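Take a look at this one chain, the form deposited in one PDB entry, written out in structure tokens.
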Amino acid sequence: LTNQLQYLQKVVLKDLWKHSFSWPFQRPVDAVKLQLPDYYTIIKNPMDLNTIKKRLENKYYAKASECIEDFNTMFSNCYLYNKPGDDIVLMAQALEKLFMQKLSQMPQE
């Protein structure tokens, strides 16, 4: 694992996982269970922290930018599907500020 990919795994993913708002994002969205109509019609690329975790574990990414794109897809999926000011959006926004902070502190390429 690349120097930056290892940071994304051992710092960024770890710190997002430990954040008190991350639990809804630690597994695929169960739209049936959560009663989210049309979720998988509206979201053309689902993403969650466990999928990113396993992609890092399985050496799926060739570049750190590809992993960063998946994190961003998580957050943008949430903002696209849910109303602004919904709890899940407010939690995602706080999680996302932590994520961008950790990118600011990433070792350069």
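The term rigid core refers to the maximal set of C-alpha atoms that superpose within 1.5 Å between the two forms. Counting begins at 1, following the sequence as shown.
- The stretch 82-90 shows the higher mean C-alpha B-factor when 96-104 is compared against 82-90 in the entry.
- In this crystal structure, the stretch out of 35-43 and 68-76 whose C-alpha atoms carry the higher mean B factor is 35-43.
- Per the deposited record, the Cα B-factor of residue 56 falls in the middle third when ranked against the other modelled residues of its chain.
Below: the form deposited in another entry, not depicted.
- Only one of 49, 67, 43, 78 has its C-alpha shifted by 2 Å or more between this form and the one not shown once the core is superposed, and that residue is 43.
- Pairwise change in that other deposited form: residue 45 and residue 60 C-alpha atoms lie farther apart than in the shown form, at least 3 Å.
- Note: residue 40-residue 63 Cα separation is 3 Å or more longer in that other deposited form than here.
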